[PDB]
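Notes follow once the structure below has been shown.
We count ligands from 1, going down the list as the structure has it; atoms in each ligand are counted the same way. In what follows, every chain begins at residue 1, and chains take the letters A, B, ... in the order their sequences are listed. All values below were derived from every heavy atom in this structure, side-chain atoms included, with hydrogens, water molecules and symmetry-related copies excluded.
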Amino acid sequence: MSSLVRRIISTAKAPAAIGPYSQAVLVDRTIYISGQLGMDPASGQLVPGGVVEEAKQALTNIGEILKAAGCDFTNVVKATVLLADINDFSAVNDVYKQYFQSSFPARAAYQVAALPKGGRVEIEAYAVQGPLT
Amino acid sequence: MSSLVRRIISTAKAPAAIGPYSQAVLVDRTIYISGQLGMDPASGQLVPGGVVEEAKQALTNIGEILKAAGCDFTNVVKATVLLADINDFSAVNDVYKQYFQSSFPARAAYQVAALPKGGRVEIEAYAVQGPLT
Amino acid sequence: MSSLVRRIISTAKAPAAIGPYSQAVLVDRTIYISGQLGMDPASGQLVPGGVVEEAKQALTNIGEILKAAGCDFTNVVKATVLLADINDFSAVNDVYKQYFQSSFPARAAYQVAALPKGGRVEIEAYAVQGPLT
Amino acid sequence: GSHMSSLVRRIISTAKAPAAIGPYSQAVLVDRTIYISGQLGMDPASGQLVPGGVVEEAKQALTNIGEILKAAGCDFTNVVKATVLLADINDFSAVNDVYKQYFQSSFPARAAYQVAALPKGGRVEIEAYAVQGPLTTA
Amino acid sequence: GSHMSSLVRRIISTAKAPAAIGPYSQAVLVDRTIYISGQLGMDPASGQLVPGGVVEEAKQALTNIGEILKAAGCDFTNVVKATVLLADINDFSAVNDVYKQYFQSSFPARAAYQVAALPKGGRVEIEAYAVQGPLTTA
Amino acid sequence: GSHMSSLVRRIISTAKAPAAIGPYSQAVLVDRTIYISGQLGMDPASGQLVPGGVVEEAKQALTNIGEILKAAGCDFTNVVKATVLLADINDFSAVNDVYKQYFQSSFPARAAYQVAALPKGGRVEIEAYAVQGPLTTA
Ligand code: NI
Ligand code: NI
Ligand code: NI
């Protein structure tokens, strides 16, 4: 069968791996993006200011990974929003909405027991390289 | 490269979005379905009767989204079952089994800390548009 | 449209299903693998020794499912690591690292409230059948 | 035999073009490519060449191709290659004046040359390849 | 050169059909499409035309195509287009009586016409295109 | 018309090969397959056959194909089928001696035969099919 493209996505505009994973993997046309915490890309540290600031940084991180793969947020087809606190759902929703102009992805969003580094939010995503009709 | 089909799936036979997401996204042949709670499609409210009733409604909701995309449960390849209580695993399993006549999907099933709206169960799914061999 | 290959993956070298799911589903070239606990394939029981032993068994289980589908760990593109305890992240990371020689998958890793059978870890994965470039 | 996708193979058949009598089809669509049998200036109803020589024949042949394309959900914009077979190379310019009426832009690849003889005494035969849309032209 | 999938390109080669001597292959499979070099009524063992004229030649040519299809994991049901080249248009009916024996249904697209000359003095040459299965016929 | 992928269809055009004047393109790339119009031994600059007979013409024709392949991001290793049309079957060996210079291994499928006449009085015309890489040869 055809040999499908498989490319590790890696940019210094997103945080370095603090464990055994790639930022994202592009395979054929689908990009599987690792869960992103609200880590400042230069320092590798959670940004201050709690869940809202962290959500903004996490989504910014995803945006830079998408850009490295020739995509933007319009390429995203599914996301998962992992919360440390379900009471933050409204606040996180309002952040998240700002990163999608259109064609809102499929999503699941819920509270887990704990995230790495005591993050308040982690977002994973799936995207498909364009062109998309 | 080819421009792949990307279609937002939306039916009034499933609940309206109470946040910034689509019910499902079809991209090429893969359908990414949002996490469904046991919400009555007409009202947008959780059905009464607890985890069993909610699981039935959530899976019914998924079925209507699949139908909107020209599919049924035989198109589903993976599901995730998110529980508010791991003690409900048996009861939810017996509900879930009724929606698959065959070719049971891959699955993961476990307890999270909280779901939106105080749901007792949420189910996400991945499907592939047929024909399938 | 073309009729895509859809094959239920099933091997006696991985645990039997204790519920209504397949070990994995191959659909076109993508393999959706069910969440694996650290269950001994012969007995269906969690191996003793806690999170480290369980992680090793879970990943071994995934390896046998990949082998049944003509793949190995280099085919994996995404994994999710579900922990019963976020303090086990380091220990689980060191186990997990041993199963990837290269091209580390995308990943998300975090603590949930409870796993089936009181497992300490569950790992799901997504793979793509080769050849991969 | 089941480890790769099963690709669509559709037999095209329309009463609006000469019937394909014997062990051939008017066209075969397979995956997205349509292979169209060479068409002569044969009248579908009569089973004979239309009168009036190479120009009338070219018109009927291209009409025939058009009806086959339509049966496959396509039109002339789907054509990516055509071969124009002639009884006389010196009829090329006159056949080209017919042919150019069917194409606007993004023209098919083409070969045109003279053969020793065509079926039915034909003076022109056109074979085409097309690709089922949608197509994005660059 | 690495940003798109690398498609399979397989050279077909079988001792059961005339050897392809010089810078050509008996057939090339690329992705799922098999392009088969035109086959004459050449005996594989002798390297010459079989005796007995156009009918014997057509049988050998189609036998040759069959062995090449088999080498590519296919049979005659995989064929989607064929071209029948003749030394004499008036041999069409007799060659067609041979050809029809190889196909049952879902027939290939076809063109048949007379050329000025074929290699080796041949009276018939058949070129075919096939698509590696599985195929779903509609 | 939007429920299947929209496949790329690219018109190939290069000044380095004879211009395609009238309702045809030098080549069409569609999905990954390139259909290349038959090329004569025509000088691009002059619009006429090069002098010196069939051997000089074959060289120019293959040079023409080369420039078209290059315009489509390909070279001769991308070619999967070619057809060699001749004014004289007895020129096959001499044209083959030219042709073999363009191919090293993994040769295209081929048909070669004599036609009654080619455009422009040509003695050789070559049509080719190619597939945009990357390609994995087995
Ligand atoms: Ni198969
Ligand atoms: Ni490339
Ligand atoms: Ni469409």
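- Residues B:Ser34 and A:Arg107 have side chains that never bring a donor and an acceptor to within less than 3.5 angstrom of each other.
- Listed by chain and residue number, the protein N/O/S atoms under 2.8 Å of the Ni ion (ligand 3) are F:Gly1 N, F:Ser2 N, F:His3 N, F:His3 ND1, with waters left out.
- Of the residues F:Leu69, F:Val79, F:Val28, F:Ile12, the one that meets the side-chain contact (heavy atoms from CB on, under 4.5 Å) test with F:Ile36 is F:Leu69.
- The side chain to side chain donor-acceptor pair (under 3.5 Å) analysis of residues 62-75 of chain C, with sequence neighbours excluded, yields the pairs C:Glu64-C:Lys67, C:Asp72-C:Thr74.
- Remark: E:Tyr35 engages E:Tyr129, F:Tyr129 in a ring-ring contact (aromatic ring centres under 6.0 Å, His included) (not counting sequence neighbours).
- Inspection of the B:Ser3 and A:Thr133 side chains reveals an N or O donor paired with an N or O acceptor under 3.5 Å.
- Judged as a ring-ring contact (aromatic ring centres under 6.0 Å, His included), and not counting sequence neighbours, the contacts of F:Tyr102 are F:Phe76.
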